[PDB]
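Q: Below: one structure in structure tokens.
Nothing in this text is a laboratory measurement; each read-out follows from the coordinates by a stated rule. Neighbour counts are summed over all protein chains in view; Cβ atoms, including those assigned to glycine, are modelled from backbone coordinates with ideal geometry.
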Amino acid sequence: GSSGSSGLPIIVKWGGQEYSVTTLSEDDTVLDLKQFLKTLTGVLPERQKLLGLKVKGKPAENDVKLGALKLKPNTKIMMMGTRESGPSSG
């Protein structure tokens, strides 16, 4: 290509869409990601469900370091949840 590595790229899969994240790094916390995932997709973080990286049952927390998890790069993970308040969208 042209460039190699630098930070920690992340990939998310929402329904039928893929989101890329290359702003935050290991330093940043899951929250940062979530917070950024709240604007990327448009769903609350507490609601946003991260499917891919689990932790002895439940997935990492927002008060947990993404680095500690030592996940893989360009790790295409999945997401679950809904946008807008209420069960019915429209």
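Q: Using a simple spin-label model with points 7 Å from Cα along the Cα→Cβ vector, what separation in nm is obtained for residue 72 and residue 19?
A: Spacing of the two 7 Å Cα→Cβ label points: 2.2 nm.
Q: According to the square roots a ≥ b ≥ c of the eigenvalues of the Cα gyration tensor, what is the shape class of the stretch 20-70, taking rounded for a/c under 1.5, prolate for a/b larger than b/c otherwise, and oblate for the remainder?
A: Verdict is oblate for the stretch 20-70.
Q: Show that you can apply the helix-only estimate: for the chain, add -39,500 (n - 2.57) for every DSSP H stretch of four or more residues, divide by all residues, and state [θ] at 222 nm to the nearest 500.
A: -4500 deg cm²/dmol
Q: How would you order 84-90, 45-51, 68-74, 26-32 from highest to lowest mean count of nearby Cβ atoms within 10 Å?
A: 26-32, 45-51, 68-74, 84-90
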